[PDB]
Every structure is written in C-alpha cells, then in structure tokens.
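See below for the structure under consideration.
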Amino acid sequence: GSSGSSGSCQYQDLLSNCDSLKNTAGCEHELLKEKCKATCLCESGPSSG
C-alpha cells in the first residue's frame, strides 16, 4: 500500500503542493492560506510546544 494516510496532525490540506508552496509562496498566499491549514499549522509534532 503506497497511497495511504500516513503522518497527519489534524487538518487536511485541500491542495497537494502545500509544502512546496509554503516553502516559498508561504501560507501567506491566498491559495495555501486556509486550504493549506495543515502545512500551516500541521508540521510533524511538538515543534514549539
């Protein structure tokens, strides 16, 4: 099983190239503003906390 749900905080970015985007464009964008909630909020784990 290659295509599956792995590593997820909570939100589910509507887009796909959220990272690639945020990476540069940054969530600041309007496309990856909310639709890229994950990339925005979600990341991996307790980064700051």
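Lettering and numbering for the structure tokens are positional, with chains as A, B, ... in the shown order, residues counted from 1 in each chain, and ligands counted from 1 in the shown order.
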Practice task
Apply DSSP to the structure's backbone, then extract all residues of chain A labelled alpha helix (DSSP H) and return them as a PyMOL selection string.
Solution key: chain A and resi 18-22+37-40
Practice task
Could you give me, as a PyMOL selection string, the residues within 12 Å of residue 21 (chain A), counting only C-alpha atoms and dropping anything in the same chain fewer than 2 positions from it?
Solution key: chain A and resi 13+15-19+23-33+35-36+39-40
Using N, CA and C atoms, can you export the residues from the last selection as a PDB file, in the first residue's frame?
```
ATOM      1  N   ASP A  13      -4.813  19.520   4.313  1.00  0.00           N
ATOM      2  CA  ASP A  13      -4.612  20.470   3.232  1.00  0.00           C
ATOM      3  C   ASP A  13      -5.439  20.039   2.020  1.00  0.00           C
ATOM      4  N   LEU A  15      -5.051  21.320  -0.911  1.00  0.00           N
ATOM      5  CA  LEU A  15      -4.120  21.280  -2.026  1.00  0.00           C
ATOM      6  C   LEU A  15      -3.188  20.078  -1.864  1.00  0.00           C
ATOM      7  N   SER A  16      -2.142  20.067  -2.675  1.00  0.00           N
ATOM      8  CA  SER A  16      -1.172  18.985  -2.632  1.00  0.00           C
ATOM      9  C   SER A  16       0.241  19.554  -2.491  1.00  0.00           C
ATOM     10  N   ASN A  17       0.505  20.595  -3.266  1.00  0.00           N
ATOM     11  CA  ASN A  17       1.809  21.238  -3.238  1.00  0.00           C
ATOM     12  C   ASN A  17       1.803  22.346  -2.183  1.00  0.00           C
ATOM     13  N   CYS A  18       1.219  22.026  -1.038  1.00  0.00           N
ATOM     14  CA  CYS A  18       1.139  22.981   0.055  1.00  0.00           C
ATOM     15  C   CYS A  18       2.563  23.331   0.491  1.00  0.00           C
ATOM     16  N   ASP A  19       3.302  22.300   0.876  1.00  0.00           N
ATOM     17  CA  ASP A  19       4.674  22.485   1.316  1.00  0.00           C
ATOM     18  C   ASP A  19       5.450  23.250   0.243  1.00  0.00           C
ATOM     19  N   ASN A  23       6.728  26.551   1.356  1.00  0.00           N
ATOM     20  CA  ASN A  23       8.181  26.566   1.352  1.00  0.00           C
ATOM     21  C   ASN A  23       8.672  27.920   0.836  1.00  0.00           C
ATOM     22  N   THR A  24       7.965  28.427  -0.163  1.00  0.00           N
ATOM     23  CA  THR A  24       8.317  29.709  -0.753  1.00  0.00           C
ATOM     24  C   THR A  24       7.138  30.680  -0.658  1.00  0.00           C
ATOM     25  N   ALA A  25       6.151  30.449  -1.511  1.00  0.00           N
ATOM     26  CA  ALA A  25       4.968  31.293  -1.532  1.00  0.00           C
ATOM     27  C   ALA A  25       4.567  31.638  -0.098  1.00  0.00           C
ATOM     28  N   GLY A  26       4.661  30.638   0.767  1.00  0.00           N
ATOM     29  CA  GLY A  26       4.312  30.821   2.165  1.00  0.00           C
ATOM     30  C   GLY A  26       2.793  30.855   2.351  1.00  0.00           C
ATOM     31  N   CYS A  27       2.346  30.221   3.426  1.00  0.00           N
ATOM     32  CA  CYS A  27       0.927  30.171   3.728  1.00  0.00           C
ATOM     33  C   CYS A  27       0.328  31.552   3.451  1.00  0.00           C
ATOM     34  N   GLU A  28       1.156  32.569   3.638  1.00  0.00           N
ATOM     35  CA  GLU A  28       0.722  33.937   3.412  1.00  0.00           C
ATOM     36  C   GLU A  28      -0.150  34.018   2.156  1.00  0.00           C
ATOM     37  N   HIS A  29       0.181  33.173   1.190  1.00  0.00           N
ATOM     38  CA  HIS A  29      -0.560  33.139  -0.059  1.00  0.00           C
ATOM     39  C   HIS A  29      -2.060  33.067   0.235  1.00  0.00           C
ATOM     40  N   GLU A  30      -2.842  33.088  -0.834  1.00  0.00           N
ATOM     41  CA  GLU A  30      -4.288  33.026  -0.706  1.00  0.00           C
ATOM     42  C   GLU A  30      -4.792  31.623  -1.047  1.00  0.00           C
ATOM     43  N   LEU A  31      -3.936  30.869  -1.720  1.00  0.00           N
ATOM     44  CA  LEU A  31      -4.280  29.513  -2.113  1.00  0.00           C
ATOM     45  C   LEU A  31      -3.948  28.555  -0.967  1.00  0.00           C
ATOM     46  N   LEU A  32      -2.816  28.814  -0.331  1.00  0.00           N
ATOM     47  CA  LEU A  32      -2.375  27.987   0.779  1.00  0.00           C
ATOM     48  C   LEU A  32      -2.534  28.767   2.086  1.00  0.00           C
ATOM     49  N   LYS A  33      -3.617  29.527   2.157  1.00  0.00           N
ATOM     50  CA  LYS A  33      -3.895  30.324   3.339  1.00  0.00           C
ATOM     51  C   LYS A  33      -4.682  29.479   4.344  1.00  0.00           C
ATOM     52  N   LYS A  35      -6.658  26.496   2.828  1.00  0.00           N
ATOM     53  CA  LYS A  35      -6.691  25.197   2.177  1.00  0.00           C
ATOM     54  C   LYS A  35      -5.416  24.425   2.524  1.00  0.00           C
ATOM     55  N   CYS A  36      -4.426  25.165   3.000  1.00  0.00           N
ATOM     56  CA  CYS A  36      -3.156  24.565   3.371  1.00  0.00           C
ATOM     57  C   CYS A  36      -2.980  24.709   4.884  1.00  0.00           C
ATOM     58  N   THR A  39      -0.139  22.281   6.265  1.00  0.00           N
ATOM     59  CA  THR A  39       1.176  22.851   6.027  1.00  0.00           C
ATOM     60  C   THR A  39       1.412  24.050   6.948  1.00  0.00           C
ATOM     61  N   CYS A  40       0.348  24.810   7.161  1.00  0.00           N
ATOM     62  CA  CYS A  40       0.426  25.983   8.015  1.00  0.00           C
ATOM     63  C   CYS A  40       0.632  25.516   9.456  1.00  0.00           C
TER      64      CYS A  40
END
```
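With CA of residue 47 (chain A) on one side and CA of residue 1 (chain A) on the other, the separation reads 28.9 Å.
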Practice task
Mind giving me the straight-line distance from CA of residue 4 (chain A) to CA of residue 49 (chain A) in Å, one decimal?
Solution key: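 Result for CA of residue 4 (chain A) versus CA of residue 49 (chain A): 27.9 Å, one decimal.
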Exercise for the section: Might you pull out every residue within 9 Å of residue 8 (chain A), with only C-alpha atoms counted and same-chain residues fewer than 5 positions away left off, and present them as an MDAnalysis selection string? Expected result: chainID A and resid 38 42:44
